[PDB]
Amino acid sequence: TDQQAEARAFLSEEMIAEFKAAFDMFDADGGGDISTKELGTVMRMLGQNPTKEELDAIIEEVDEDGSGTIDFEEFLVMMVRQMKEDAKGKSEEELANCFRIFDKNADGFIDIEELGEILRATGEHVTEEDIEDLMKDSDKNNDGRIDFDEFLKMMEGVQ
Amino acid sequence: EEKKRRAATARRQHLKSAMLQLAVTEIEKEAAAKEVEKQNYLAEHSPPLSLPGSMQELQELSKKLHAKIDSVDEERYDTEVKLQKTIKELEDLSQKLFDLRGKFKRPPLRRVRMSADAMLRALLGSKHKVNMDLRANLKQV
Amino acid sequence: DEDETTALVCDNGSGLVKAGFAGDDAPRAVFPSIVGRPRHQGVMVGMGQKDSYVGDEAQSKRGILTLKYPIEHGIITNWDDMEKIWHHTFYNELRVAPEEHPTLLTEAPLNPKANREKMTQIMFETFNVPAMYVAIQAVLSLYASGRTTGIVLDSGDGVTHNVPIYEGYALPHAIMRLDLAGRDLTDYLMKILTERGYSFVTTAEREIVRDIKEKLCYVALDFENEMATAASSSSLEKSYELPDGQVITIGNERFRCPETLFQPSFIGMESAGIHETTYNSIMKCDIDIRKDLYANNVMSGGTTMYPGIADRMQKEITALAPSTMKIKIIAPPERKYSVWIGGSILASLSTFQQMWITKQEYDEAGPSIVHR
Amino acid sequence: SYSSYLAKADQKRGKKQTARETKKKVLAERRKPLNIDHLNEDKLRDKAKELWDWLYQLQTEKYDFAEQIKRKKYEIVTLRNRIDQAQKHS
Ligand SMILES: [Ca+2]
Ligand SMILES: [Ca+2]
Ligand SMILES: [Ca+2]
Ligand SMILES: [Ca+2]
């Protein structure tokens, strides 16, 4: 129930509103929870073809009451974890891409030169000091370059 | 006692965001341009077909194609296998890093299920209005 | 990564636990398999009253606690005290929370069906791990040496075993167990060393006889004309310096200790020895598989580390096997962790994912599910 | 280390020969003879293009599998730098 807490804390009425409408369609009989079968039907409508094992695992992932079914609460939890994972994937993908664009020389790094270029390539006004400063702040392993790890870190937050 | 130092950091951010912002707009440029290359490549390796006369030509051409098919197909296969090999090489590397760091960002294989935004769209069709991402919601005015 | 990083491998022994993450090359955690219970009420400075102690804190503080071994001869004998060693492994040694890590465990050769179901009951129902799996120990040792058919002579702290394995299936009716191992072996050295005119009187004298056994002991080939050699008194002797100056010398007994593994008669054991037992396992197996087993005698376990163990075994079974046969005794260097490494490999593997017993399987099939 | 030479032969030859037939088995399936020869005249027309599309079909995929490896090859380069950077035997 503690999870169902922050979970509902996370979402908005809007969210809940829709996640409900969605939950209702999952739930055939309209009883109050998705069964190992009610789920199977929706999955296929969603274009999958899970197996008994697969289904349960997907069920008991948020079944805190060992019911073997999912209620609109356990469900919101599930949606949340997903919402999370989705946003994380999209982020790292974008950054990953950005790194390849900034790299271009494909050495797997971003040297003060490229950093300058890309920076100077922005509209913004910048002098070398700015560039070297950003390098010094980003390059934690003090090797001159900026590795993907560091790039993830440095861009951590920025939009 | 470095009272002003605060403005320095904000700059890096302002710049970092000037960078990302730059990235994204460049990202789709390369993307489309890339595609352009794809249609040109295909442009010559298999140009808008023009069915010949009637007798020997149609038959001939047909034989021509059909043979090329086994050809290209083989190449397609060899390629698929060099991919398999590659994906393999990076999975192993995607290991030599795990048990040396732990779970790290951006695993190359990425096991992804369908997004909740997808499932929502898929199930409610028209009425699915929530550009969900992270932005929480607290009373406006 | 979800579980690529995340799989745990815990090898439960009679003397030591070996533990760590699937992926690593060696165990992150190695420690005694004891659970100490304080004989008196009181505290250490700055700590609270402790009901129990596990691993090295139980060994170090042994004078005020009653020490207990949960695994007798490779089999879990006390389940209250084992759940204590597991708890310690996850939470203190590896410092992980178990409820988000798949756990590969190991069991012994003819481990009773009911035990494999009980540790599954405790893994899933009191530790709430996502998924788990129990591998047989000899089977992980073999596999860690690349192969799938061979016979493992496995020897650790409380048991020795021979487990003939064919295309992965350990052969129940050909497995042999000999209850004489490294524990028995340290206590015999003890006596042949006090018998050399010495005294391991305080507990700082007791413990180090075991470090003498590990560092200086040998398995000589032609143990016959090695005693004979001892007598002419060559520079075969070897003096070890104790916690203090007290330089103790061990010339000869140095190899009289592992000759116990070929001659159990040195210790009032009437059972047959390691090499004969390798062989008997083998003439208990199918006929067509006996050339395979003979060319694949894989050794694993702390007690098989005595140098020249492999050469003695090489010649011990050549001379019992039909001459038409190829003998081959594989003894790798990392062998004190073969079992563990075989688990690390297997559990980090790309194809193993589909054999993990998940809480879905369990909550739906009962402990029977993993029991196979 | 020359007793391992016989391992090279056995191993390489083995795997390589295994790979071959597989490729043959696989590629063979995806192949339906040009059986249609002299059964109609306008048939060639509705036929020829179908072959044409199948070709274009394969061609396009080959191009993608290709660009893919390149992208992956770069994932590697980076994934290798993260491996070294994450060395620090300290
Ligand atoms: Ca229902
Ligand atoms: Ca429920
Ligand atoms: Ca670069
Ligand atoms: Ca750097």
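Protein chains in written order, with the entry's author numbering: chain 3, 3 to 161; chain 2, 3 to 143; chain R, 1 to 372; chain 1, 159 to 248. We put the beta carbon where it would ideally sit given N, CA and C, even for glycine.
Span separating the alpha-carbon of residue i from that of residue j
{"i": "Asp195 (chain 1)", "j": "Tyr163 (chain 1)", "result": "53 Å"}
{"i": "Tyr143 (chain R)", "j": "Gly342 (chain R)", "result": "6 Å"}
{"i": "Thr71 (chain 3)", "j": "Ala310 (chain R)", "result": "57 Å"}
{"i": "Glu131 (chain 3)", "j": "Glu39 (chain 2)", "result": "39 Å"}
{"i": "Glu32 (chain 2)", "j": "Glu115 (chain 3)", "result": "21 Å"}
{"i": "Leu349 (chain R)", "j": "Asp80 (chain R)", "result": "32 Å"}
{"i": "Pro307 (chain R)", "j": "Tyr218 (chain R)", "result": "5 Å"}
{"i": "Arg122 (chain 3)", "j": "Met21 (chain 2)", "result": "9 Å"}
{"i": "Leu102 (chain 2)", "j": "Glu28 (chain 2)", "result": "34 Å"}
{"i": "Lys191 (chain R)", "j": "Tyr362 (chain R)", "result": "50 Å"}
{"i": "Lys138 (chain 3)", "j": "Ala34 (chain 2)", "result": "34 Å"}
{"i": "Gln353 (chain R)", "j": "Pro243 (chain R)", "result": "49 Å"}
{"i": "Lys61 (chain R)", "j": "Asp154 (chain R)", "result": "31 Å"}
{"i": "residue 407 (chain R)", "j": "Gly251 (chain R)", "result": "Nothing in the structure corresponds to residue 407 (chain R), since chain R is present only between 1 and 372."}
{"i": "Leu48 (chain 3)", "j": "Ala124 (chain 2)", "result": "7 Å"}
{"i": "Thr66 (chain R)", "j": "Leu94 (chain R)", "result": "25 Å"}
{"i": "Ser159 (chain 1)", "j": "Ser265 (chain R)", "result": "41 Å"}
{"i": "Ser140 (chain 3)", "j": "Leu140 (chain R)", "result": "45 Å"}
{"i": "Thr203 (chain R)", "j": "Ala272 (chain R)", "result": "33 Å"}
{"i": "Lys328 (chain R)", "j": "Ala174 (chain R)", "result": "19 Å"}
{"i": "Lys6 (chain 2)", "j": "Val235 (chain 1)", "result": "41 Å"}
{"i": "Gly118 (chain 3)", "j": "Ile133 (chain 3)", "result": "6 Å"}
{"i": "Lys113 (chain R)", "j": "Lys18 (chain R)", "result": "23 Å"}
{"i": "residue 378 (chain R)", "j": "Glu72 (chain R)", "result": "The question about residue 378 (chain R) has no answer here: the residues shown for chain R are numbered 1 through 372."}
{"i": "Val96 (chain R)", "j": "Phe90 (chain R)", "result": "6 Å"}
{"i": "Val298 (chain R)", "j": "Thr249 (chain R)", "result": "34 Å"}
{"i": "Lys98 (chain 2)", "j": "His247 (chain 1)", "result": "15 Å"}
{"i": "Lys336 (chain R)", "j": "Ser281 (chain R)", "result": "22 Å"}
{"i": "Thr38 (chain 3)", "j": "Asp3 (chain R)", "result": "25 Å"}
Per-residue burial, residue i [other beta carbons within 10 Å of its own, 16 or more giving buried]
{"i": "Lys213 (chain R)", "result": "buried"}
{"i": "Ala118 (chain 2)", "result": "buried"}
{"i": "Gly23 (chain R)", "result": "buried"}
{"i": "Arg39 (chain R)", "result": "exposed"}
{"i": "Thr277 (chain R)", "result": "buried"}
{"i": "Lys170 (chain 1)", "result": "exposed"}
{"i": "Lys166 (chain 1)", "result": "exposed"}
{"i": "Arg102 (chain 3)", "result": "buried"}
{"i": "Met80 (chain 3)", "result": "buried"}
{"i": "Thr106 (chain R)", "result": "buried"}
{"i": "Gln360 (chain R)", "result": "buried"}
{"i": "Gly104 (chain 2)", "result": "exposed"}
{"i": "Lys36 (chain 2)", "result": "exposed"}
{"i": "residue 378 (chain R)", "result": "Residue 378 (chain R) is absent from the structure shown; chain R starts at 1 and stops at 372."}
{"i": "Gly159 (chain 3)", "result": "exposed"}
Opening and closing residue of the beta strand (DSSP E) in which residue i lies
{"i": "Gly91 (chain 3)", "result": "No beta strand (DSSP E) holds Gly91 (chain 3); the alpha helix (DSSP H) holding it covers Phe74 to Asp105."}
{"i": "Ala29 (chain R)", "result": "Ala29 to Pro32"}
{"i": "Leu8 (chain R)", "result": "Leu8 to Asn12"}
{"i": "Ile165 (chain R)", "result": "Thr160 to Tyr166"}
{"i": "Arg312 (chain R)", "result": "No beta strand (DSSP E) contains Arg312 (chain R), which is instead part of the alpha helix (DSSP H) from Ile309 to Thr318."}
{"i": "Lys238 (chain R)", "result": "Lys238 to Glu241"}
{"i": "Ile151 (chain R)", "result": "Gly150 to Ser155"}
Residue range of the unbroken alpha helix (DSSP H) whose run includes residue i
{"i": "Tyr133 (chain R)", "result": "Here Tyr133 (chain R) belongs to no alpha helix (DSSP H); instead the beta strand (DSSP E) covers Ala131 to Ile136."}
{"i": "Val370 (chain R)", "result": "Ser368 to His371"}
{"i": "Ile341 (chain R)", "result": "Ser338 to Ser348"}
{"i": "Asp204 (chain 1)", "result": "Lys201 to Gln243"}
{"i": "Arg8 (chain 2)", "result": "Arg7 to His47"}
{"i": "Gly48 (chain R)", "result": "Looking at the DSSP string, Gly48 (chain R) is not in any alpha helix (DSSP H), and its letter there is neither H nor E."}
{"i": "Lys173 (chain 1)", "result": "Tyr163 to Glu187"}
Length-filtered (3 minimum) beta strand (DSSP E) runs lying within the region 80-114 of chain 2: none
The region 123-138 of chain 2 in contact with the region 16-31 of chain 3 per 3-pair CB rule at 8 Å: yes
Residue ranges of each alpha helix (DSSP H) within the region 67-143 of chain R, 4 or longer: 79-88 and 113-122
Any alpha helix (DSSP H) of 4 or more consecutive residues that is wholly inside the region 107-156 of chain 3: 114-123, 130-140 and 150-156
Within the region 173-213 of chain R, ranges of the alpha helix (DSSP H) (whole runs, at least 4 residues): Taken in chain order, the complete alpha helix (DSSP H) segments of 4 residues or longer contained in the region 173-213 of chain R are 182-194.
Inter-stretch contact at 8 Å, needing at least 3 Cβ pairs: the region 230-246 of chain 1 / the region 55-71 of chain 2: Under the 8 Å Cβ criterion, the region 230-246 of chain 1 does not count as touching the region 55-71 of chain 2, having fewer than three qualifying pairs.
Three-pair Cβ contact test at 8 Å for the region 78-92 of chain 3 versus the region 6-20 of chain 2: no
Inter-stretch contact (C-beta, 8 Å, three-pair minimum) for the region 57-71 of chain 2 and the region 201-219 of chain 1: Verdict: yes, contact present.
Segment contact, 8 Å Cβ cut-off, at least three pairs: the region 91-111 of chain R with the region 7-15 of chain R: yes
Sequence ranges, alpha helix (DSSP H) only - wholly within the region 207-292 of chain R, length at least 4: 224-232, 253-256, 259-262 and 274-282
Cβ pair count under 8 Å reaching 3, the region 286-304 of chain R against the region 313-328 of chain R: yes
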